[PDB]
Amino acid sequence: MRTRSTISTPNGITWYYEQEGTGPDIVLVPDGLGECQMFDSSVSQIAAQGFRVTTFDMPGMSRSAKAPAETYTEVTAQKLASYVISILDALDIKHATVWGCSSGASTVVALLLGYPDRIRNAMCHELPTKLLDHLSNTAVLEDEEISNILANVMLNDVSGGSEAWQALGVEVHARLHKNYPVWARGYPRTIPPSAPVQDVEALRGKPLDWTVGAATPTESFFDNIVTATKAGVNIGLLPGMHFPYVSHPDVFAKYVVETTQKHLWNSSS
């Protein structure tokens, strides 16, 4: 059965977290919207293959909103990696496989490079490396204008599956609605320049598996494909766009399980 609970870390964050299963640890880091209910179906499917799966809402977001302002303002990959290590310490997770999309992608690459003894392998999806002025400029609008604009962007531009996105349901969407202004004012100006992929040689030989959405327009994460290839990092596609865990939960779960299994084999070898 699923643990659903809260835990406080010495940096002042009260996290909402979920955990299911027994076995090697897999940790699912949310994208910038910080909403771990997006993983619900996949958590059960991955845990059923013999893994302990942990996820959580991100600081300032959803049910992890009781957090100091520094944790959700001027956010960087390296700040988020420090926060994730804090909850892994609190939960006594010594060695983890990690997944992340978007700011979660930047976070898991920063985790693997910064805490190599802690991270078995990292899966990154759609890692943001470019400043986008039209998203950065939402930060000066009123809260309800930001929520209306970004709710529409998520559904129509990046969900990868409008029926699955809407089917997250009213409780989830009401939490996202409150998160959009927090994300807009804390993330888009500071996350892209923090991308831990400027040093291509630091990525070479690392246990990293990179994906982009099959349906994502080529221009969105073209740079990820180039960077991964230059570094000799395994690069491939998942169905859908920015939220494969929402649009295609069973394919997502299979990818996480298979990739974790590949690294468990290689680790013993």
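In this text, residue numbers run from 1 along the sequence as written.
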*Comparing 89-97 with 150-158, which has the greater mean CA B-factor as deposited?*
89-97
*Stretch with the higher entry mean CA B-factor, where the candidates are 196-204 and 231-239*: 196-204
*Return the residue from 58, 28, 215, 67 that has the highest Cα B-factor in the entry.*
67
*Out of 81, 139, 75, 122, which residue has the highest Cα temperature factor in the PDB record?*
139
*asked:* Using only modelled residues of the chain, where does the Cα B factor of residue 128 rank: lowest third, middle third or highest third?
replied: middle
*Going by the entry, which third of its chain does the Cα temperature factor of residue 174 land in?*
middle
*According to the PDB entry, is the CA B factor of residue 104 in the bottom, middle or top third of its chain, that is, lowest, middle or highest?*
lowest
*Looking at the C-alpha B-factor of residue 15, is it in the lowest, middle or highest third of its chain?*
highest
*B-factor third for the C-alpha atom of residue 187 within its chain*: middle
